[PDB]
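Given as C-alpha cells, the chain that follows is alone and in the form deposited in one PDB entry.
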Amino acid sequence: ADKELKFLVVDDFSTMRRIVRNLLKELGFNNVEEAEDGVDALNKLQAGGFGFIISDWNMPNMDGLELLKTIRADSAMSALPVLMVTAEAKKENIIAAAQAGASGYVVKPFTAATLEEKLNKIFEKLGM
C-alpha cells in the first residue's frame, strides 16, 4: 500500500474521527479527510482521488450500510476498500455488511496495532 493513499474517515463523532486520524498518522498514513455522515462522505468522494474509506456503521441521515451500498453501485468508486467500524459486533450486522461488499470490520475502541492488522488484511485480500 502506498503511504500516500487518501483516506476518508466518516463518523458523526468528531473525537472518534480525530482518534482514527491519529492512529493512521502513527502508521505513516497522513492523507486523511473527514466526513460527518453518509451524504457528507458522498459529496466528498465526488471530488475524487480517495483510496480507502473508514466508516462508522451508526450514523444519521445515511448510515454505514447505505453509504457502502451507494459506493458499491457507483461505477467510478465500486472497488474502493471500505472498513466498517462498530461499537459491538452482531452476527447479522457482519453478514449484512459483508454481503454488501465491506472489505472488513473492526470493533471500537481499537489500537494502532489492531488497525494495522485490519489494514494489512484488506490490502492482502485485495492484492494491494
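Residue indices: 1-based, along the sequence shown.
One more form of this protein should be noted, the form deposited with a partner chain bound, which is absent from this view; the next part is about it.
Out of the listed residues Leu27, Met77, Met62, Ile94, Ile94 is the one that sits within 4.5 Å of its partner chain in the bound PDB entry by at least one heavy atom. Look at 44 to 52, 29 to 37, 69 to 77, 99 to 107: in the bound PDB entry, residues with non-hydrogen atoms within 4.5 angstroms of its partner chain sit in 99 to 107. By the criterion of a heavy atom within 4.5 Å, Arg18 is excluded from the residues contacting its partner chain in the bound PDB entry. No residue in the set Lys3, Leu5 and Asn22 has a non-hydrogen atom no more than 4.5 Å from its partner chain in the bound PDB entry.
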